Structures are given as C-alpha cells and as structure tokens.
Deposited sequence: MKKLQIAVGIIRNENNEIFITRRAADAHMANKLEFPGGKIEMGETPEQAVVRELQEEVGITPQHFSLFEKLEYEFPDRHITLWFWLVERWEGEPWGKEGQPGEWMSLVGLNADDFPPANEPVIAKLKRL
C-alpha cells in the first residue's frame, strides 16, 4: 500500500476568474498541480508546484477541497488549494500556457469528472 497525493492550485483573481490549463477529453480544462514529494508537506507542495509550473509563489491560500480515492494497493488524495494572493504572474513557465476563465461562463462538463464538486463549490459562494 502506497500513497500518491496531488497538490492542486485554484488561482483566483479579483475578477472571479481562475487560471486553468487546456489539454491537447482532448480540450478539457484542468487546474495546475503536481505530486507531493516525500519529506514535503501539502502546503509546501502546492507552493513548489505553482512556482515550477506557473511562476508564482502562493502567499494567501487555504484548503478548498480534499478528495480521496481508494484503489488496490494505492490511496490517492487530491488537495485543492484556493490561492487568493501571490507573488509573480501565472504563465506557461514550462511550456504549459494557461488562461484565465471567468466562473460565470464555466461549466463543470468542461473539466474531467473528478473536478465536479470543486467547480460547483467555486460557482456558489
């Protein structure tokens, strides 16, 4: 039994827009994120992952949602962090250009199914 945990960043600006990436579900939207390494905490992981993939250092953030998946010999945990303040400007730092999408025009169906409960929550408030 081993764990695989993913730190996910929900970067939201002042205009209720979120920074998302598009995939080449050939065009579904996704949140930036990556694996939490051994010896690294969930908070340290989302900061590092965003610094590496998006070019920002999250300063003000909180746990927005936590999803668990139990498969044979593997437990998966997705940590979704709502990032409201940061240093830097999001961009395709490692070739993964993202884009700002307003929540008013976003549909959960545009994201892979795992994101459903997160999008619903984002659009409520």
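According to the record, no C-alpha positions are given for deposited positions 25 to 28 alone, numbered from 1.
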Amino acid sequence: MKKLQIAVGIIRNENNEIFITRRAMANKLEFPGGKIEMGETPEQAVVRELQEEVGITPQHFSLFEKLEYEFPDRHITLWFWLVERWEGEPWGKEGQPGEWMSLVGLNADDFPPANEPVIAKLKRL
From here on, numbers count along this sequence of modelled residues.
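Coverage remark for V47: present in the model in all other entries compared whose chains are built on both sides, leaving no third without it. For the cut-off of one third of the other compared entries, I20 stays well clear, since all of them model it along with its flanks.
As recorded in the PDB entry, 88 to 96 is the stretch of 88 to 96 and 51 to 59 with the greater mean C-alpha temperature factor. Stretches 10 to 18 and 102 to 110 differ in mean CA B factor, with 102 to 110 having the higher one. As recorded in the entry, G39 carries the highest CA temperature factor of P72, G39, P42, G34. Among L78, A26, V83, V46, the highest C-alpha B-factor recorded in the PDB entry belongs to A26.
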